[PDB]
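K.L.:
structure of the sequence below:
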Amino acid sequence: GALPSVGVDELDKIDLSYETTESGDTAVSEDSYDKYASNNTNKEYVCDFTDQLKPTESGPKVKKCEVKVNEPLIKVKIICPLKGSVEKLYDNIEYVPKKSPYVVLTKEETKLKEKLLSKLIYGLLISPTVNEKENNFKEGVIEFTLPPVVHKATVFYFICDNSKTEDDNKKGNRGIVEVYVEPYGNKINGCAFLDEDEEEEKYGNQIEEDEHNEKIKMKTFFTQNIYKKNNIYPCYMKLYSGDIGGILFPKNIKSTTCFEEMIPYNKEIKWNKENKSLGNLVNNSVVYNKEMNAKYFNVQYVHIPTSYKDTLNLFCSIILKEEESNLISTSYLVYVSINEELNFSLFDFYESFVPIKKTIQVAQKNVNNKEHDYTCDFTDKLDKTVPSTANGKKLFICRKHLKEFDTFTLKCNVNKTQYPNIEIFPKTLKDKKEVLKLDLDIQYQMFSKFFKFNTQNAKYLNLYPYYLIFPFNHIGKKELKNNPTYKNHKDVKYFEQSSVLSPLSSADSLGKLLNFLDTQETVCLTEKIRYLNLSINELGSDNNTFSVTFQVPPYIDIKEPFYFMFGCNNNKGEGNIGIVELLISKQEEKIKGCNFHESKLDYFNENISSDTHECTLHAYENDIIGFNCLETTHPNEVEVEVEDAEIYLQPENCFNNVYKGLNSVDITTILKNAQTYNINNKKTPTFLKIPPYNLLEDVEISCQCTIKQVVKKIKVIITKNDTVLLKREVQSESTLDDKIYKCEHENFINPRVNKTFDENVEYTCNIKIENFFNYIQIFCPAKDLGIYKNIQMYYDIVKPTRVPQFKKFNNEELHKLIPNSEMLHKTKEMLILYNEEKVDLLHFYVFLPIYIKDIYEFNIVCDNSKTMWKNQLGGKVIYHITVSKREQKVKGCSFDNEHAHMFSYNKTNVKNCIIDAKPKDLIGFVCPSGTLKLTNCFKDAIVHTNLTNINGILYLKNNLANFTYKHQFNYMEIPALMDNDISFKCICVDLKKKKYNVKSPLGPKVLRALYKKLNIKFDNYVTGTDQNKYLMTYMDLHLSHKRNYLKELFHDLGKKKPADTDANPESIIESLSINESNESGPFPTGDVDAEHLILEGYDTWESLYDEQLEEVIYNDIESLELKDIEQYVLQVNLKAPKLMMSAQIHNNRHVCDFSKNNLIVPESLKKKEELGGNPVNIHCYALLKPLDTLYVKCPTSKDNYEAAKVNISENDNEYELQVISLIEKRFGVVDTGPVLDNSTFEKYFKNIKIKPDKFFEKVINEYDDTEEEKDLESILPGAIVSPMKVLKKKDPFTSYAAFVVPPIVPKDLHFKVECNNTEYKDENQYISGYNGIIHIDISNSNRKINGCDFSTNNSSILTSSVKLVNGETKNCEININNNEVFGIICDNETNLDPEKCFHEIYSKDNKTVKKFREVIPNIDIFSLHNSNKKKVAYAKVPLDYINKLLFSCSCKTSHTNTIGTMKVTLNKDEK
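P.N.:
Residues are numbered from 1 along each chain as shown. Please see the structure below:
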C-alpha cells in the first residue's frame, strides 16, 4: 500500500473533481500553438512572461514555454505578471494552480487534473521559508528544485491565464509552462535514512516494485539505506571530479556536523580536528537545502565541481533525537571521500608503518577532449623543493582507474636545463616496454582476517569503495605482525616500525619508498596485455617534455587485473617524485564480434572459419562489437605486419569510416559518443563501443574484409530502444569430472557492465544424477560486502510436488528434502598442528544418498542480479537438477529410524552390529544427528584395543573408504585384495548425557578424548598417508555456525560510537581488535611442506570444528564413565579365502603355482553334504615391482590337459626346461594328499577353465565388480606376456602364464585373473570347484630408462625411442656400465632379432648369436619367448662385470626390410 508524504495544508490540498482540457476554454487547436523553449542560463531555467502575456490581440493566442530538463540539480523558476499591478489589464487573471509549485497538473488521457509532485517525483525540495505566503504570485516567482535522479518521465503544466480580463473586447494571452522530466542518472552515491523497518528477502519474482508507493522508490534513491534499528554501518559518500552526492536525513535528527562542520580526515599532514565546511575545504562545491527546511523530504545534495583535482576525506556525525524505542546507534558516522578512485592504496599501506608526505591526485578528466582521455601532469608538479616546510619535497600521486576503451596519457618534464638531474622510473619503460607491476598479495595477507576473502576476491579489494579507506592500516599492522605467514617475506623490513628515538627525515622516507617500489618485480607491457595500443614519445613540440600514451583495449588479455605503476623520480635532484599508480580491469564479457579468420581468439562470440560470409549482429546500447580479419595466434605487434598486406578492409578504416547502405561516412555522425578501438600496427581486430544512443529506426552499419580474395561482411544492426527484447536462455549441460558435476560458468555471477541485453539472459545448467557417489558442485559465494553484497541461495521443488513459492535453501532444507543428503565442502586436511583446513567456501557439494525412493527435480537459484556494482549488473545462475530413483543400499545397521531406509540390514538402537563382509560388498556407516563420530570410517577403524587404518592392511586404494571418512554417511567397497583376516569396528559415540548438533566435524581434541575414553590406541596407529586428492567434509552451510567478521567488526565500530562531537573517529576505530578465539587454527612455523601456509585457487584456511561444541563434548566425556557412553558400532569382519602370496623366487619373479588337489579341487569338508557349493575364490596376492615378472601355474584345463597327455612323449627345449629349472622346483598351501593322477585330474579338473583365456593379454580389473575384462596392453603397454601355457609336456597336469611389470608404470594397477573352476563339483556336494583368483597389485613409476622404443619417437617408459619405419634402419646406441638396467620395445611388425633376445644376442661381431648367460652368467633378463609377442624385452646387467662389452638387438620386420637396432655397451675403456 502507498502512504502519501506530508500532505494536507491550505496550499497543498488536492481535489479530484477539477477537470480542464489542454486547450481549456480558448478553443485554439494545439497545432497552432506558439511554442518556444525556456531561457536556460547557468543551470537555471526561467520562463519570463512579464512582457509576453499582454492583451493586445482581439482573439486569444497560446504561447507555450517548454522547460526540458536532462541535467541534475536545476532551479525551475516561472515569472508571469503580477496580479492587479495595473487595472483593466491585470484585473481578472487566473492561475492554475493558485497553490503552486507543490501541486501540478497531470494528463488523465483527456483532462488536466490536480496531483501532487511528490508522488511521481521523489526527492523534491520546495522551501516553505520562501513560499509561506498564501499566493506565491504576489512576489511573481514560482521556484522549486528537482532531485538529481528520476526514474519517471513526467509532464506537468503551469498556466497563467490572462484571457478572462476584457478591455474593450480584447482578449489576453494565456501562458503555459510545460515541465517535462526524463530519467537521467541511476542512483546517488550516498545515503538515505529509512524510517521503515528492513524487509525480509523476497525470494523469486514475488518482489512488488511499485512507483506509486513512495517507500519502494525511496529505497532505490541512494546507495546506502540506513534502518535505525538494524543498520549499524556508517554512511558513506564517494565523489569524483564532477560528481553529485547527498544524504537524505531523517526527521529525528537533532544536529549534524556534515557539509557545514565536517571533520577533515587528513593523513598527508598532521591531525586536524576542527570543524570545517565544504566551502573552505573545496571551492565551487554546491550544497542544497542546507537549513533542512523542506517539508516533504529533507535531503541535502552536494555537487562537487571539476575544479577540485585533489583527494579529500571528511567525517560527519549525525546525532538522532533520543527516542523511547531502542536503536543501534543514536549517532551515526559518515565517511565522505572526494576525488579518489583507487581504494586500499599501497601508500596508505605504507603510511601505517612509515610516515609519508604526499599529495594524492586524480587524473585530469579532459573536457576540451574526449571523455575517455585522462592525463596526469607532472610538468608543474616536479619542482625543486628542499624540505624546510611540510610542503617541500612532496609526493604527487596520480591515481586513475581505466576501463574499456579508456586511454591514459602521462607527461613529465625531463629537460636538463630546468632540472639538473631527473630519472624515469623504471629505467626499462622506454626500450623494452616493461613496468613495475604492483601485486596485491600484501593487502590480501594484511586484510585476510579483516574479512572472509579468498584469492579471487582480494584482487577485487581495489573495487570496494565503502569502508576500505578507514585508518584500518593503523590496525592492520597488529594483524600483519600477528600473521605467521607474512614474517617469512623478503619485504618485511620496510614495514617495520621506523626510528622514534631520532625523528625520521623525509629523505630517508622517500629513499625507503623508492627501494620498496624497486624490489617489486617488473612485467613487460607487451606480454601481460595483448594487443596494446601504446606510444612512447620522448620528443614533444619543443623537446622539453616526455609523454606516454596508452589506450586500454576493449577486452583485456590480462590473467588478472593489471595493477601497476610508473613515473618520474626527481629526488636525485633534491626535488619532487611524480608517480602514477594505475589499474586496468579485466572485461569479463564475451565480445559481440564477427571473427571470420580461420584462426580465432578465444573471446569472439561468432566463431566462423569459412562457414558464413555474412555476419548478422544486432548491436544494442552499451554493446561491444568486434571485427576481426587477421590471425589471432600472433601475440606480437611486429610480425603481424606481414598479414596487414593481404587484408583489404573497406572502408579503409573501420569502424572509423562505415558503410550506410553502400556509402562511407564517419561513424561519429550517427553515434556521437562512439568509441572505436583500432590496434596499432594492425588493421583488425577493430572494436566499437556502442554508446548510449537515441534512435527510432534500425540503423545498419557495415564493414567488409578481403582475406586472400575472399570478402567477408560484418553488418551490425544498431537497434532502436523499442525493439523486441525477449528472455534469452543460455542452456549448458552438466560435465562429469572425476564423479563430480561441473558447469562452465566463471564470471556469470560476477558483476559485469550493465546492458539491456544483459537483463533478458539467464544461464541455466542442467545436471542429471542417475548414478551413485557423485557430488553436485554448486558455486555461489557467501554474503560479504563487495561484488557479492546481496547474493541469494534458494530452491524450488518441481517434482514430485509443485510448489512455485521460493523458500530458503540451507543444509537443513537439503537434509530434509532428500534423506541423509549432505552439503559437503572440498578440503585437503592440514596436519594436527595447524587445525585450520583449506575449505572452498564459494563451492559446496550436494551429495545424494545411495538409495533414492522418490524421483526429485528442482532448480537451485544463485542470484546476483540484485548486486549492482558501479553500474555493472551481475548475472544469475539456475541449476536444473534431476535426481533419479536409484535403488542401491548399504549393508550394516541404522541405530535409529533416520538411516534405516539406507541399510538393507538394520539393528535399530542396537549399539554393536556385527557384519560378515565378503569380497566386493559395499558397506555404509552413519550415526544419528547428534551422536559423536569416533571413527574416520572407513579410512580408520578400531581393532579391539587400538586405532588402526584398515586401508594399508587391506590394499584399500581405489575405495570409497579413502574419501568417505568425514561425511554423515560414509561408504566403502570391499576389494578382493587381502593380506589378513580383519575384524574392525566403525563406532559412533552417543553421549547419553547430552546430544549435539554435529554438522561441523569433530576436532582431534575430542577425538583424543574419546580414544582415551574408549580405549583406542593413538600410539600404535599406522598413519593413513594422504592419498586423497580431496575430501568432501560434512559441515555447516557456509560455516553459519561460525563467527562473521565483517558484521562483527562493523558492529564493534558502531557500538564504539565514533560519531560524537568531541569524538575523534580514528582514536576510536584504532581501538578495535578483530573478534578471534579458539574457534581457529594456528600456523606453526616449521613444516613438513610449505603448503600448510599458502593458498591458491578457491581454498581458504578455516576451522571445520566448533570449539564450543568441542568443549561441550570434552566436558560430557570427562564427566561420565564408560557405562554412560553408548557406542553405535558396526563390527565388520572380513574373511580372506585362503590367503596365498605369489611365490617370489626373485626380486623380479613371483609365482602363483596351483597344480594341486586341495586348491581348485574343493577341500574335503565335513563328510556330510552341506549345500549347493559356493565358489571358494583361491586368493593369490602377487606383489611385484617395476620390472618384475610373475609366473602362475595352475592345473591344465581338460582339453589342453589331454593335448599335453598326447605330447607327454615329447620333450621341451633347453629354453623351456631351462625356465623349468628356474621355476617349478623354484615354486602353507602345498599338497600332502594323493599324487596327481589322470583319473583325479580329469575328475576335479574336468571343468577347470581359465579367465582370461589369454592371461595378461587380457585381464580382469579386481575392483571392477563387473569383472570388466580389458586389454592390459591398452591400459599399460610395455609389458612382456605369455598366456597360460603348459609347463611340461611329459607332465600333462601343470600350465603356467607369465607377465612383466613394466619399469615405468603410469599408475597403480589393481586387477586379477582366475584359473577358475566352480563348474566341477563334489559328487557328495561339499563345495563346487574352487576358483583360483590371483589378485595382482602393481605400483607405479615413471623413470625413463636406457632402452629403445622403436614403437614411438617419444617413449614414456624408456629413455630413448625412435619409432621404426619400414624400409628404414634405425640404430639406437645407449651407453651402459656395470649394474644398469635397460629395455627394448619393437612394434607389431618388427619382431625380435634374435627372437631369443635378450637371452641370445648378436655377438660383438654381430655375426653369431650367443646365449647371453654364457658371456655373463649373472645377467637378470626379463623376457619370455613362450609368448605371443616377440618385440618387447628388458633386462639388467650385473653388479660385477666391467670388462668393455658391446652387443645389439634389432627390431626386424619379418616381411619387409626394417631394422631398429639398440646398441648395448658396458663400462667404457676396459678389457
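K.L.:
what distance do you get for the residue located most distally from the centre of the chain to residue 87?
P.N.:
The centre of the chain is farthest from one residue, residue 168, which by Cα atoms, centre = their mean lies 83.2 Å away. For residue 168, the distance to residue 87 equals 14 Å [Cβ to Cβ, to the nearest Å]. In this view, the C-beta of every residue, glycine as well, is placed from N, C-alpha and C.
K.L.:
per-domain residue ranges of the chain.
P.N.:
According to automatic domain parsing, the chain comprises the domains 20-181, 188-339, 350-584, 591-718, 728-809+852-883, 900-1043+1116-1134, 1139-1338, 1345-1466.
K.L.:
what's the closest of those domains to residue 1072?
P.N.:
The closest of the domains of the chain to residue 1072 is domain 350-584. By Cβ to Cβ, the value is 6.3 Å.
K.L.:
quick one: the helices in the stretch 1-150 of the chain?
P.N.:
Secondary structure of the stretch 1-150 of the chain by DSSP state H, counting those that start in this stretch: the helices cover 117-120.
K.L.:
all the strands of it, residue numbers only.
P.N.:
20-21, 34-37, 39-41, 44-48, 62-69, 75-79, 94-96, 103-108, 111-116, 142-145 (DSSP state E, counting those that start in this stretch).
K.L.:
out of those strands, nearest to residue 1355?
P.N.:
Closest of these to residue 1355 is strand 62-69, at 78.2 Å (criterion: Cβ to Cβ).
K.L.:
so what are the sheet partners of that closest one and their directions?
P.N.:
Applying DSSP bridges to the sheet, strand 62-69 is found paired with strand 34-37 (parallel), strand 174-181 (parallel).
K.L.:
return the most buried member of these.
P.N.:
Neighbour counts (mean count of other Cβ atoms under 10 Å) averaged over each of the strands paired with strand 62-69 peak at strand 174-181, with a mean of 22.
K.L.:
from the chain's centroid, how far away is the helix or strand just after that strand?
P.N.:
As assigned by DSSP states H and E, the chain's next helix or strand after strand 174-181 is strand 188-194. Centre-to-centre, strand 188-194 and its host chain are 32 Å apart (Cα atoms, centre = their mean, to the nearest Å).
K.L.:
hmm, back to that, what's the helix or strand for the residue farthest from the centre of the chain?
P.N.:
Counting by DSSP H and E, there is no helix or strand that carries residue 168.
K.L.:
what does residue 1410 give?
P.N.:
strand 1409-1411.
K.L.:
from the rest of the structure, what touches that strand?
P.N.:
Applying Cβ atoms under 8 Å, 6 or more residues apart in numbering, the contact partners of strand 1409-1411 are 1394, 1396, 1399, 1400, 1401, 1402, 1403.
K.L.:
between those, which sits nearest residue 517?
P.N.:
For the contacts of strand 1409-1411, the residue nearest residue 517 by Cβ to Cβ is residue 1401; the value is 67.4 Å.
K.L.:
and that closest one, how many neighbours?
P.N.:
Counted with other Cβ atoms under 10 Å, residues neighbouring residue 1401 total 24.
K.L.:
go on, the one 5 residues further on?
P.N.:
For residue 1406, the tally of surrounding residues (other Cβ under 10 Å) stands at 14.
K.L.:
wait, it touches residue 1446, no?
P.N.:
No. The criterion here is Cβ atoms under 8 Å, and residue 1406 misses it with residue 1446 at 9.1 Å.
K.L.:
residue 16 contacts residue 116, doesn't it?
P.N.:
No. Taking contacts as Cβ under 8 Å, residue 16 lies outside contact range of residue 116: 11.6 Å.
K.L.:
more crowded one of the two?
P.N.:
Neighbour totals were compared for residue 16 and residue 116, and residue 116 leads with 19 against 9 (other Cβ under 10 Å).
K.L.:
pull the contacting residues for the nearest residue to the more buried one once chain neighbours are set aside.
P.N.:
Distance criterion Cβ to Cβ, 6 or more residues apart in numbering; nearest residue to residue 116, sequence neighbours excluded, is residue 103 at 5.3 Å. Residues in contact with residue 103 (Cβ under 8 Å, 6+ apart) are 12, 14, 97, 114, 115, 116, 117.
K.L.:
next, the buried residues of whichever helix or strand comes after the strand holding residue 1410.
P.N.:
Once the chain leaves strand 1409-1411, the next helix or strand it forms, by DSSP H and E, is helix 1412-1415. Within helix 1412-1415, the residues scored as buried using 16 or more other Cβ atoms under 10 Å are 1412, 1415.
K.L.:
residues contacting the next helix or strand along the chain from helix 1412-1415, please?
P.N.:
Using DSSP H and E, the helix or strand that directly follows helix 1412-1415 along the chain is strand 1420-1422. The list of residues contacting strand 1420-1422 from outside it, by Cβ under 8 Å, 6+ apart, reads 1146, 1148, 1187, 1189, 1280, 1300, 1398-1399, 1412, 1433-1436, 1438.
K.L.:
following strand 1420-1422, which helix or strand comes up?
P.N.:
The helix or strand immediately downstream of strand 1420-1422 is strand 1432-1436, counting by DSSP H and E.
K.L.:
now do the helices in the stretch 1251-1400 of the chain.
P.N.:
Along the stretch 1251-1400 of the chain, counting by DSSP H, counting those that start in this stretch, helices occupy 1272-1275.
K.L.:
just the strands in it please.
P.N.:
Ranges of strands within the stretch 1251-1400 of the chain are 1259-1261, 1269-1270, 1281-1286, 1294-1300, 1309-1316, 1331-1338, 1345-1349, 1358-1360, 1369-1374, 1381-1385, 1390-1393, 1400-1402, based on DSSP E, counting those that start in this stretch.
K.L.:
nearest to residue 238, out of these?
P.N.:
Closest approach to residue 238 among the strands of the stretch 1251-1400 of the chain is made by strand 1309-1316 (61.5 Å; Cβ to Cβ).
K.L.:
now do the closest one and strand 1331-1338, the angle between them.
P.N.:
Calculated by axes from the mean of the first three to the mean of the last three Cα atoms, to 10 degrees, strand 1309-1316 forms an angle of 160 degrees with strand 1331-1338.
K.L.:
with just CA atoms, put strand 1309-1316 into PDB.
P.N.:
Taking Å, rounded to 0.1, in the frame of the first residue of the first chain, the C-alpha atoms of strand 1309-1316 are listed here in PDB:
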ATOM      1  CA  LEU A1309      47.400 -51.400 -11.300                       C
ATOM      2  CA  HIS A1310      44.900 -53.500  -9.300                       C
ATOM      3  CA  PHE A1311      43.400 -56.300 -11.300                       C
ATOM      4  CA  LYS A1312      43.000 -60.100 -11.000                       C
ATOM      5  CA  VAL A1313      42.900 -63.300 -13.000                       C
ATOM      6  CA  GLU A1314      41.300 -66.700 -12.500                       C
ATOM      7  CA  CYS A1315      42.200 -70.300 -13.200                       C
ATOM      8  CA  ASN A1316      38.500 -70.700 -12.200                       C
END
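K.L.:
same for that strand, what does it pack against?
P.N.:
With contacts defined as 3 or more Cβ pairs under 8 Å, 6 or more residues apart in numbering; DSSP states H and E, the packing partners of strand 1309-1316 are strand 1189-1195, strand 1249-1251, strand 1259-1261, helix 1272-1275, strand 1331-1338.
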